[PDB]
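Working notes, structure below.
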Amino acid sequence: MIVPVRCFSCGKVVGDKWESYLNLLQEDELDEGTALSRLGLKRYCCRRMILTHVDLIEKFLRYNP
Amino acid sequence: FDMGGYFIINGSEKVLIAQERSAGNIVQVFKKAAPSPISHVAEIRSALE
Amino acid sequence: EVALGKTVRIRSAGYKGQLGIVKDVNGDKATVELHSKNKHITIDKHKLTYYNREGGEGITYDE
Amino acid sequence: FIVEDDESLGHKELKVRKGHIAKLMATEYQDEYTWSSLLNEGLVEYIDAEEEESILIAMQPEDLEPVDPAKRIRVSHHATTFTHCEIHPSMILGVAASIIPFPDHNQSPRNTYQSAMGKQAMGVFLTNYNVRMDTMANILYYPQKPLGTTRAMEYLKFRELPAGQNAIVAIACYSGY
Amino acid sequence: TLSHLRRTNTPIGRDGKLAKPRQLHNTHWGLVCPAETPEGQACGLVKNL
Amino acid sequence: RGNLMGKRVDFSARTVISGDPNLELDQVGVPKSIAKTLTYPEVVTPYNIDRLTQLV
Amino acid sequence: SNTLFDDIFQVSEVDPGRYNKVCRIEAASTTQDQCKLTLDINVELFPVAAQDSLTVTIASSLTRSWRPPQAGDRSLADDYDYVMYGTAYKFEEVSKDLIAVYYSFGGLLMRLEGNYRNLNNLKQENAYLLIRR
Amino acid sequence: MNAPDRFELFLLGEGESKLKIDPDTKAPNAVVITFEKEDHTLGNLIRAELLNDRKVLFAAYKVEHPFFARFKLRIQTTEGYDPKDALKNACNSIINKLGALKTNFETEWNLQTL
Amino acid sequence: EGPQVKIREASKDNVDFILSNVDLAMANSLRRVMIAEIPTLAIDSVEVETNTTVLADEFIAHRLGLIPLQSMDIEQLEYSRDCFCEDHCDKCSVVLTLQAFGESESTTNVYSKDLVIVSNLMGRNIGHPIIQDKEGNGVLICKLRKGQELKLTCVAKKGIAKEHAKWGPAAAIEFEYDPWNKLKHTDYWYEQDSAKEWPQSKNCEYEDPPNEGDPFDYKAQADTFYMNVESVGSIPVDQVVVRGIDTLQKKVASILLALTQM
Amino acid sequence: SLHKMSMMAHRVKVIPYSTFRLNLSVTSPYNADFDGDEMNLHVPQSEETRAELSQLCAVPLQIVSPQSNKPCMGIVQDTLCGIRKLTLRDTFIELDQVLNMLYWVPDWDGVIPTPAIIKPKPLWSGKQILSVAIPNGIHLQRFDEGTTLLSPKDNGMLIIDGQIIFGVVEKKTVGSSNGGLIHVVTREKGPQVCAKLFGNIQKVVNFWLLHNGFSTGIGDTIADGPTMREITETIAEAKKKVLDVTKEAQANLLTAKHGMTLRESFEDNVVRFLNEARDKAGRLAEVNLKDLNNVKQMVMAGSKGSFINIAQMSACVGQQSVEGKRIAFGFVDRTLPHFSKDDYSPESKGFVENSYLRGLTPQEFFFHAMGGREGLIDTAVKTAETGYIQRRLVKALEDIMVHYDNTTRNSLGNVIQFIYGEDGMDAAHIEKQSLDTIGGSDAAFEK
Amino acid sequence: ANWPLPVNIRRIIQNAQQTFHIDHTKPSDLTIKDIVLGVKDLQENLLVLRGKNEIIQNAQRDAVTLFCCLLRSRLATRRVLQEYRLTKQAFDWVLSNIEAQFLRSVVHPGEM
Amino acid sequence: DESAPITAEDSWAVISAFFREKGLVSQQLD
Amino acid sequence: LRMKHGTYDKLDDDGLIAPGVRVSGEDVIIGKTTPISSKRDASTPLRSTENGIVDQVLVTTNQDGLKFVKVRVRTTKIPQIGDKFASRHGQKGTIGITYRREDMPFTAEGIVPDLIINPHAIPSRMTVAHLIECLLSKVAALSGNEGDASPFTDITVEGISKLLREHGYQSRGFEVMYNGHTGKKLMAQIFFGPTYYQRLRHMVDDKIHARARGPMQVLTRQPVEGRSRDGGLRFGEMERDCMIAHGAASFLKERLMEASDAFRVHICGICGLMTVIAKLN
Amino acid sequence: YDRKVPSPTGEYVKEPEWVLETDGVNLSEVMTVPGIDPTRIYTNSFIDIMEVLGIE
RNA sequence: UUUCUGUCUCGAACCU
Ligand SMILES: [Mg+2]
Ligand SMILES: [Zn+2]
Ligand SMILES: [Zn+2]
Ligand SMILES: [Zn+2]
């Protein structure tokens, strides 16, 4: 639904950086690896925790109610 | 993302499954075992399609 | 028992500060379904602060 | 794909070309060409089980018409009379089986058990679970597209509605539990 | 949901019978998924395209 | 075959199994809930009166 | 509670024996041409190469809960590079003059072949084998 | 529905002491301590210290089952050494080494401007 | 002295160091307390007065508890269980509130900044939601429409990570020792050559490499423990390691006190 | 409940969680796998009922199987692999870990075993630390492929007075074997002592494996370049041989084998040659691979996996059988649309050329699937058949029982056998033993 | 040669050697007469059936024919003196143990 | 250029065209 | 009325449960009273084995105009030991244990696994695709780019390993690991990396049940079917055989008479029929 | 087929002999054929073995 | 000072 608050494995906070990741992907047109590394995720656990998210909250949100 | 292709019957979504059958209007030759007196049947499920 | 079927808050246990609903009382020990966890727990009814139908003031066991 | 010379070079080549694929991608990005137009121009033809009897099919769209030791090998093309070719062999797999990473590397019974179990996996079944009052629904808290994704996953729309999570697996014998 | 929409049944009884229909003939290529199937009494009879 | 050779019975449970190397060979772990429901009728003697009164 | 066998051995052949931390040495005495030894050594702790002279002895001292030495100055047969502990398990005869004794030093095998000068060897768990380079 | 509760993972239970020493009729001068509501975090550390002491013959810690938050240490010492004193000195050495490490870390940080 | 420290890099949320002349058991137990026993403040009890977003109350509650909170003066905040007060007291918990009513036609994001502390801290810098991101929003919580209210009252209580991973103040505690096989503590899997196939650790250049000539060292032990503690942000890495030592010390002291009491 | 030991009385341990926990070594007689399996607990309601369940049918008493006079239950899982890596010759253990594993054995006498190596440092052999779990008075002596007492490969096994003299522990020692450690312990010391032995051996080996580690992965399946080259060479040689056999058949210079026609003769020759090629490729893969291979350790432990497993793992999946024969020509004289008709080559007729590490071409994958669901359907029908046969056998033999004249008689009383099993000896108590009068020459018997 | 049979005589003998600490150098105090009589008495005491009469002794002798062949194969005089070195008291212990384990090994009737 | 031979990578555009018109429930819908 | 023993305060005057309230066990969800010709209860209770918070309630008219009500109840369901999980390669298992990050093993870089799978899954099942998925998934997280994991792509394991090595790791996916209890480096290395896993429906909360003298069948007075109906277990023919083999005749008698259904039957000696008009009073 | 036979020295030795296996069930008439060893003839059908040789 | 509800029957899908 929403980006997870913390990395499941290490517990690093990754909910801070979802919109920064989207901005680096769209505005700056950086590849996935560069965007993640510049956001400061070194461990592949955190890196997949941001890379594999699906922004299902948008789909659920923009119904009527 | 709902593809459709189902029926809402009493509020419950129901789907009909494709049912296999031998094709109609084709001659099919089958051997038969020794205990059966019949040997070499030819079948055709003729029908107005 | 007046305490039956009332919103309660536990006070000396690991589940303290937690809402609950009193389900049955076997005498000196009230069973409450936790209004947080999907588990029933027995705890002495004297050490629970009971709340009215809506939240607000917390009344001890004096009713 | 239909295979026919169409030209003077003599070698048998498919009917679809880079121009056709470019126009297909162009209409993709715009939304003109479509599967229907592909059929009408006769670049793709439908074959059923009975018509499969009398056609020789090419596996790879380019390889069989005309080495690193770990690289993929193939039975040589001693036939110069191919008539069709697969679009891609992966499409023999069904919906549940095409979720699988590397089914060819798997054993086939495990592919079958996966094809049964993926139907029972947990995920987002639809984006309208708030309004549907289904008898029994399961919604994963944080769905996740797998790191290893099959190219058919975009048509199955699995990445949009995935069912499962990525976990750091350790193939380890740690506690005996 | 997608598999159910694209599922195929076979009228043959689920009870103990010959294994020939339960097998896949070579002609299932590209028409029936060689892997996807239920396990147990329906295996090889229920087919997914 | 369905009610005499094999039939139904109370005082029983069914659930999943997990491995456990820290359990003795002839021992088996029972969920607390399953223990709470299942019972054994034990008769009152002088030799267990104190424990049975405590259990009650 | 004293030395039962003592001799020099010239390690004739060292075989890594497929293991990384253990090797089998086949050795023959420099004195008694008919005495032979074939013994497993933890080469990691006691490196050994072919054609080395090794002073082997077997002792029966220096129930019984083992303990660390408790003291830098505890007396013990400390004049040896490598001491192992094992139990004899077999004594076979060959050529009606030579006797071969088998020891297991916690799964490290030795065969010690020689004539009846090995008579002191006894089927007792208490058997230390000490080696000096 | 009946998973074990997790505040008792380190909180003392009602009518349950932190330590239970009882002797051991199993080797001479050997005692058994059951540490309730502890994990490997101290079993490994207190046991490593007890093995660093020269006058202690046996020291080994134990977690029977991960469900129950309790470990259990056995110490066998030499004659005239109360294993309670052995455990006391192991703990005292632990606290001293930790005080040294804490002071060292604060000093090294305050040295380093960042 | 005894244990020795050498801090290699330091940062707001990271510190790498070397521990020398210390037992492997001691280094590990220090880490274990550093990952489990350090107390921290995190949101514990969420009360929803009006929720109308597209998310479960259980969902948003779990999300909110995972939010880091400033917990510098956590030692000064007394444990909830030890408190005997009535009508939860500010000496046992920190009360926050989140009121996020979307107005804009676009989706209105809800961030860590929106929580406002309502309880009386009394000069203790405890309970501020940590805002580590570059722009300064905070951690994304949930998103709203123009019509969707979200009104809730949070109670954050002291707790350790052994209750729940939310209270963990350290994310990743890198740990390594003997980068070479000087102690032979691992047999390296290989096909042709272990030296070729295995990457060299970054710490390999902070030890002398081994020599093929000299034999294996019998009596060597695990020393020179290269660590790197990262903080989620609730507690600076200063205090992450320092409070970690404090809890391990205090717990061994409590064992001693139990011994003397009995 | 396919067999007798699938219903055993256990001692309750109340344990807070939602799942039955059971000792791992009792999974074999139950045929349990913890893969979502469920099991069934029946609580007795009387003192008769409890006494019957404790004295008649309890796991320690049920260790020995009457079915094959061997232990039904043994140490068959990662504990087997751990005990093998433990009792490897070169596995030496610190004072630290020795102290902990020793104390894991609760049977343990109390004396620290002395090290096998003391002065360079106190070091205990894996076998030595294991031996504290085996009770005193256990004598075992198994000789493998001409093991000698100086066993260079550490094969075989020799245990004296509960001390493992040598021999790496495998399935054939601590698993379900007639001459096994479990068998001799149960027959000598008894059921309670043997159950304690299961507990102690598991506890020691699992502690050791916890602090040691074990894994598996890609590198455990890849073989080196020369091995892959020579594997391709053997497969190509087999293919050339099959092509030559085919050409001889096409020119019908091949005489059909006795009792077989020419078609079936050609097919038998082809399937034999493809099987031989797959076996040769597997042999080369194994002899290349080393004990640092996790998989080779797994097979040599014998906990699970096999040679055919490794061969298909890394070398060649092999010729795929459907209905006990090669892939039948489905469309018209062709196995799939991609081969022209009359194609009898191995690739066309189901021979997978390459392994699962390396991948399947799509024809190979489809033939793989056909063989796979052939196998699955075969088990799905065999379980039904075997269930019916078992039920019939039970209804036939239900009333027979050895009555107190040592006669097995049914409900009417008809003597089925005047002596139970021609001896009157309970099936569990038999063991395999030699008779020295039969063998040997007259001279040997004389001497 | 290897065939299933009721009690492991080799394990009984090895257990006797270990629990008696049998010394191979020392001469044995057994006598040939004692060995033969002890073996015969064991054979007669190995009961699975019991009547005082022909057909049941034939049934018993029949039932224990193979096991007694094993016993005379193993506990021969030349074997018991050459390859084993059991004393008199160790021999008696072995015979008693063989008898006890056989009586254990008898079917426990009422077995299904 | 437009008439050049085609790549197995670029067949996936054709597959996308298939699932763009027909989708995955084409059989039941038609 | 014939109301149930479950609580009823959860209802409000309207007849629903005042959404926001939560329920459990045998709390009533819809409050219905059927007239009888004063009235009786027909309210549907909540499932005994399931509980949670009421997410939503619907009230409407059906085709015929009779009021129709649809109440939806939400619960969080967290992994437990008995919960079953599976990869996309047939590797399925129930959780054995739940260990914390401290007791978990750990890599050099501090990455702690979310799951540990026993290597006994691999050889028997021949499941190389799980391992290749793990290697590709590690390369995918290390590069950031998604790994085309399709069935018959050109990519091979050597290429995967070469990329993984270029990213400063093993070629083969192994990686040195350290014990969580002591920090001892593991003597053998651990294959490691991200892999996709699914939570399957079969979970112990839904599959656990025990009985002791519950509702009986109306016909046979044997226990009724199923967990949902407070049902009971069965002693099949095969298990009867196993007990017959065991010799626990007392067990079988107790289990098939006293624990299942015991009926006292008076019979006449001359006829031996169930025709005795017994007036025990 | 190699059979174990006592050698004149008295040790069992492998002796290869010739054996005619068949795909037919006719015991009564085949057992008469001169030049065979009817004492040893065997047939896969226990039914014909009974009907020719007897119940035992 | 007022308590032992309660079901069948045809299937379908899935688990071991
Ligand atoms: Mg299973
Ligand atoms: Zn992470
Ligand atoms: Zn307070
Ligand atoms: Zn009558």
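The way I read the labels, and the way they are meant: chains A, B, ... in the order of the structure tokens, residue 1 as the first residue of every chain, and ligand 1 as the first ligand shown, with later ones counted on from there.
All residues of protein, DNA or RNA that reach within 12 Å of residue 3 in chain O, judged by only C-alpha atoms (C1' of nucleotides) and not counting those fewer than 3 positions away in the chain, are residues 2, 3, 4, 5 and 6 of chain M.
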Contacts between ligand 2 and chain D, please, where a residue of chain D counts if it comes within 12 Å (with only C-alpha atoms and all ligand atoms); show its shortest atom pair and distance in Å to one decimal, rows by chain and ascending number, as JSON lines.
```
{"residue": "D:166", "atom": "CA", "partner": "ligand 2", "partner_atom_place_in_ligand_line": "1 (Zn)", "distance": 11.6}
{"residue": "D:167", "atom": "CA", "partner": "ligand 2", "partner_atom_place_in_ligand_line": "1 (Zn)", "distance": 10.6}
{"residue": "D:168", "atom": "CA", "partner": "ligand 2", "partner_atom_place_in_ligand_line": "1 (Zn)", "distance": 10.0}
```
Worksheet item: Could you pull the residues within 7 Å of residue 31 in chain F, counting only C-alpha atoms (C1' of nucleotides), minus those fewer than 3 positions along the same chain, as a VMD selection string?
Response: (chain F and resid 34 to 35) or (chain J and resid 14 to 20)
Can I get the selection written as a PDB file, in the first residue's frame, with C-alpha atoms?
```pdb
ATOM      1  CA  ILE F  34      -5.410 -27.583  23.146  1.00  0.00           C
ATOM      2  CA  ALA F  35      -4.351 -28.522  26.674  1.00  0.00           C
TER       3      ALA F  35
ATOM      4  CA  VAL J  14       2.505 -28.206  27.421  1.00  0.00           C
ATOM      5  CA  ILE J  15       4.220 -25.646  25.228  1.00  0.00           C
ATOM      6  CA  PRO J  16       2.857 -22.128  24.565  1.00  0.00           C
ATOM      7  CA  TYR J  17       2.214 -21.788  20.799  1.00  0.00           C
ATOM      8  CA  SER J  18      -0.422 -22.916  18.302  1.00  0.00           C
ATOM      9  CA  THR J  19       1.333 -25.934  16.734  1.00  0.00           C
ATOM     10  CA  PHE J  20       2.117 -29.497  17.756  1.00  0.00           C
TER      11      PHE J  20
END
```
Practice prompt. List every residue of chain D that DSSP, applied to the backbone of this structure, places in helix (DSSP H, G or I), and write the result as a ChimeraX atom specification.
Written response: /D:18-30,35-40,51-54,89-92,97-99,108-120,153-156
Practice prompt. Compile the contact shell of range 29-34 of chain E as an MDAnalysis selection string: residues with an atom at most 12 Å away, counting only C-alpha atoms (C1' of nucleotides), same-chain residues fewer than 5 positions apart removed.
Written response: (chainID D and resid 46:50 52 57 86:98 103:104 108:109 111:112 115) or (chainID E and resid 3 6:9 22:24 43:49) or (chainID J and resid 330:331 335:338 362:363 365:374)
Discussion item. Show me, as a PyMOL selection string, the residues of chain C whose atoms get within 12 Å of chain H, using only C-alpha atoms for the distance check.
Written reply: chain C and resi 12-16+33-34+37-41
Take the residues just selected and output them with N, CA and C atoms as a PDB file, in the first residue's frame.
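So the final result, stored in out-v8.pdb, reads:
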```pdb
ATOM      1  N   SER C  12      -2.353  -3.245  36.565  1.00  0.00           N
ATOM      2  CA  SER C  12      -1.117  -3.857  37.070  1.00  0.00           C
ATOM      3  C   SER C  12      -0.974  -5.200  36.358  1.00  0.00           C
ATOM      4  N   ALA C  13      -0.355  -5.149  35.183  1.00  0.00           N
ATOM      5  CA  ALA C  13      -0.142  -6.315  34.343  1.00  0.00           C
ATOM      6  C   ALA C  13       0.676  -5.876  33.139  1.00  0.00           C
ATOM      7  N   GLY C  14       1.047  -6.816  32.275  1.00  0.00           N
ATOM      8  CA  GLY C  14       1.712  -6.436  31.044  1.00  0.00           C
ATOM      9  C   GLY C  14       0.788  -5.721  30.079  1.00  0.00           C
ATOM     10  N   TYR C  15      -0.511  -6.011  30.149  1.00  0.00           N
ATOM     11  CA  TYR C  15      -1.509  -5.371  29.290  1.00  0.00           C
ATOM     12  C   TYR C  15      -2.094  -4.123  29.949  1.00  0.00           C
ATOM     13  N   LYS C  16      -1.236  -3.254  30.476  1.00  0.00           N
ATOM     14  CA  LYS C  16      -1.756  -2.089  31.184  1.00  0.00           C
ATOM     15  C   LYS C  16      -1.965  -0.943  30.202  1.00  0.00           C
ATOM     16  N   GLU C  33     -11.833  -9.763  27.198  1.00  0.00           N
ATOM     17  CA  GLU C  33     -11.273  -9.802  25.859  1.00  0.00           C
ATOM     18  C   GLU C  33     -10.542  -8.485  25.668  1.00  0.00           C
ATOM     19  N   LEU C  34      -9.299  -8.560  25.220  1.00  0.00           N
ATOM     20  CA  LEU C  34      -8.526  -7.342  25.069  1.00  0.00           C
ATOM     21  C   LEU C  34      -9.063  -6.567  23.879  1.00  0.00           C
ATOM     22  N   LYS C  37      -5.749  -6.968  21.461  1.00  0.00           N
ATOM     23  CA  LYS C  37      -5.235  -8.244  20.997  1.00  0.00           C
ATOM     24  C   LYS C  37      -6.371  -9.253  20.914  1.00  0.00           C
ATOM     25  N   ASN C  38      -6.218 -10.218  20.013  1.00  0.00           N
ATOM     26  CA  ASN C  38      -7.217 -11.265  19.806  1.00  0.00           C
ATOM     27  C   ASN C  38      -7.023 -12.403  20.816  1.00  0.00           C
ATOM     28  N   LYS C  39      -7.074 -12.022  22.092  1.00  0.00           N
ATOM     29  CA  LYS C  39      -6.806 -12.940  23.188  1.00  0.00           C
ATOM     30  C   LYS C  39      -7.642 -12.531  24.391  1.00  0.00           C
ATOM     31  N   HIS C  40      -8.128 -13.534  25.114  1.00  0.00           N
ATOM     32  CA  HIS C  40      -8.857 -13.346  26.362  1.00  0.00           C
ATOM     33  C   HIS C  40      -7.894 -13.542  27.521  1.00  0.00           C
ATOM     34  N   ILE C  41      -8.030 -12.711  28.552  1.00  0.00           N
ATOM     35  CA  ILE C  41      -7.128 -12.723  29.697  1.00  0.00           C
ATOM     36  C   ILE C  41      -7.927 -12.622  30.989  1.00  0.00           C
TER      37      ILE C  41
END
```
Item to complete: May I ask you to write as a ChimeraX atom specification all residues lying at most 12 Å from ligand 4, with only C-alpha atoms (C1' of nucleotides) and all ligand atoms counted?
Response: /M:266-277
Export of the given selection (N, CA and C atoms) as a PDB file, in the first residue's frame:
```pdb
ATOM      1  N   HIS M 266     -31.432 -52.598  27.242  1.00  0.00           N
ATOM      2  CA  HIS M 266     -32.016 -53.750  27.904  1.00  0.00           C
ATOM      3  C   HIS M 266     -32.495 -54.717  26.836  1.00  0.00           C
ATOM      4  N   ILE M 267     -32.271 -56.005  27.070  1.00  0.00           N
ATOM      5  CA  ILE M 267     -32.665 -57.065  26.155  1.00  0.00           C
ATOM      6  C   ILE M 267     -33.290 -58.190  26.962  1.00  0.00           C
ATOM      7  N   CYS M 268     -34.151 -58.958  26.307  1.00  0.00           N
ATOM      8  CA  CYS M 268     -34.818 -60.106  26.898  1.00  0.00           C
ATOM      9  C   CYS M 268     -33.995 -61.361  26.646  1.00  0.00           C
ATOM     10  N   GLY M 269     -33.931 -62.241  27.646  1.00  0.00           N
ATOM     11  CA  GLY M 269     -33.121 -63.438  27.483  1.00  0.00           C
ATOM     12  C   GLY M 269     -33.651 -64.383  26.424  1.00  0.00           C
ATOM     13  N   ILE M 270     -34.968 -64.567  26.375  1.00  0.00           N
ATOM     14  CA  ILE M 270     -35.537 -65.576  25.488  1.00  0.00           C
ATOM     15  C   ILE M 270     -35.359 -65.160  24.035  1.00  0.00           C
ATOM     16  N   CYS M 271     -35.686 -63.911  23.719  1.00  0.00           N
ATOM     17  CA  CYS M 271     -35.596 -63.400  22.358  1.00  0.00           C
ATOM     18  C   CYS M 271     -34.266 -62.745  22.040  1.00  0.00           C
ATOM     19  N   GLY M 272     -33.659 -62.061  23.001  1.00  0.00           N
ATOM     20  CA  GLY M 272     -32.437 -61.324  22.724  1.00  0.00           C
ATOM     21  C   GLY M 272     -32.642 -60.156  21.785  1.00  0.00           C
ATOM     22  N   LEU M 273     -33.775 -59.473  21.899  1.00  0.00           N
ATOM     23  CA  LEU M 273     -34.112 -58.325  21.074  1.00  0.00           C
ATOM     24  C   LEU M 273     -34.243 -57.070  21.916  1.00  0.00           C
ATOM     25  N   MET M 274     -34.133 -55.944  21.224  1.00  0.00           N
ATOM     26  CA  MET M 274     -34.260 -54.631  21.830  1.00  0.00           C
ATOM     27  C   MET M 274     -35.717 -54.247  22.022  1.00  0.00           C
ATOM     28  N   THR M 275     -36.454 -55.045  22.782  1.00  0.00           N
ATOM     29  CA  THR M 275     -37.892 -54.873  22.918  1.00  0.00           C
ATOM     30  C   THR M 275     -38.305 -54.769  24.372  1.00  0.00           C
ATOM     31  N   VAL M 276     -37.409 -54.309  25.235  1.00  0.00           N
ATOM     32  CA  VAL M 276     -37.669 -54.266  26.666  1.00  0.00           C
ATOM     33  C   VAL M 276     -38.225 -52.891  26.999  1.00  0.00           C
ATOM     34  N   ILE M 277     -39.405 -52.863  27.609  1.00  0.00           N
ATOM     35  CA  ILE M 277     -40.048 -51.617  28.014  1.00  0.00           C
ATOM     36  C   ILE M 277     -39.575 -51.360  29.442  1.00  0.00           C
TER      37      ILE M 277
END
```
Worksheet item: Could you name the residues that touch residue 15 in chain M at 7 Å or less, counting only C-alpha atoms (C1' of nucleotides), but leaving out those on the same chain fewer than 3 positions away, as number ranges by chain?
Response: M: 11-12, 30-31
Atoms kept (C-alpha atoms) for selection, written as a PDB file, in the first residue's frame:
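The resulting part20.pdb:
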```pdb
ATOM      1  CA  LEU M  11     -25.560  -4.448  19.606  1.00  0.00           C
ATOM      2  CA  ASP M  12     -27.126  -1.001  19.716  1.00  0.00           C
ATOM      3  CA  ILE M  30     -26.767  -8.981  13.500  1.00  0.00           C
ATOM      4  CA  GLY M  31     -29.639  -8.883  15.974  1.00  0.00           C
TER       5      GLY M  31
END
```
What are the residues of chain J that have an atom within 12 Å of an atom of chain H, counting only C-alpha atoms, as an mmCIF file with C-alpha atoms, in the first residue's frame?
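Result file out.cif:
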```cif
data_model
loop_
_atom_site.group_PDB
_atom_site.id
_atom_site.type_symbol
_atom_site.label_atom_id
_atom_site.label_comp_id
_atom_site.auth_asym_id
_atom_site.auth_seq_id
_atom_site.Cartn_x
_atom_site.Cartn_y
_atom_site.Cartn_z
ATOM 1 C CA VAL J 14 2.505 -28.206 27.421
ATOM 2 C CA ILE J 15 4.220 -25.646 25.228
ATOM 3 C CA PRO J 16 2.857 -22.128 24.565
ATOM 4 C CA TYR J 17 2.214 -21.788 20.799
ATOM 5 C CA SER J 18 -0.422 -22.916 18.302
ATOM 6 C CA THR J 19 1.333 -25.934 16.734
ATOM 7 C CA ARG J 21 5.851 -29.906 18.226
ATOM 8 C CA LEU J 95 37.878 -26.504 24.746
ATOM 9 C CA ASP J 96 35.125 -23.882 24.601
ATOM 10 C CA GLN J 97 32.801 -25.808 22.308
ATOM 11 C CA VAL J 98 33.710 -29.123 23.938
ATOM 12 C CA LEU J 99 32.552 -27.763 27.258
ATOM 13 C CA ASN J 100 29.212 -26.703 25.838
ATOM 14 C CA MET J 101 28.491 -29.871 23.784
ATOM 15 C CA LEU J 102 29.579 -32.118 26.639
ATOM 16 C CA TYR J 103 27.149 -30.339 28.812
ATOM 17 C CA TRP J 104 24.470 -30.712 26.114
ATOM 18 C CA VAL J 105 24.535 -34.456 26.726
ATOM 19 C CA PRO J 106 22.413 -34.751 29.941
ATOM 20 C CA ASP J 107 23.368 -38.440 30.314
ATOM 21 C CA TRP J 108 26.986 -37.266 30.509
ATOM 22 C CA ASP J 109 29.072 -38.979 33.183
ATOM 23 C CA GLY J 110 30.640 -35.744 34.473
ATOM 24 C CA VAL J 111 34.311 -36.357 33.715
ATOM 25 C CA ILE J 112 35.667 -34.207 30.900
ATOM 26 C CA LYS J 203 21.323 -32.262 20.961
ATOM 27 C CA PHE J 207 24.578 -27.620 18.741
#
```
Discussion item. Which residues are near ligand 1 in this structure, taking near to mean any atom at most 12 Å from a ligand atom and counting only C-alpha atoms (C1' of nucleotides) and all ligand atoms? Format them as a ChimeraX atom specification.
Written reply: /F:16-18 /J:27-28,30-39 /M:84,91-94 /O:15-16
Fill in: Shell of 8 Å around ligand 3 (only C-alpha atoms (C1' of nucleotides) and all ligand atoms), written as an MDAnalysis selection string
chainID I and resid 78:93
Worksheet entry | Neighbours of chain B in chain D at 12 Å, counting only C-alpha atoms, as a VMD selection string | chain D and resid 50 124 to 129 132 to 135 155 to 161
Worksheet item: Expressed in Å to a single decimal, how great is the separation between CA of residue 165 in chain D and CA of residue 144 in chain D?
Response: 5.1 Å
Practice prompt. Using only C-alpha atoms, find the residues of chain C whose closest atom to chain M is at most 8 Å away, then write them as number ranges by chain.
Written response: C: 5, 23, 35, 38
Worksheet, complete the sentence: A straight line from CA of residue 49 in chain J to CA of residue 253 in chain M spans 9.2 Å
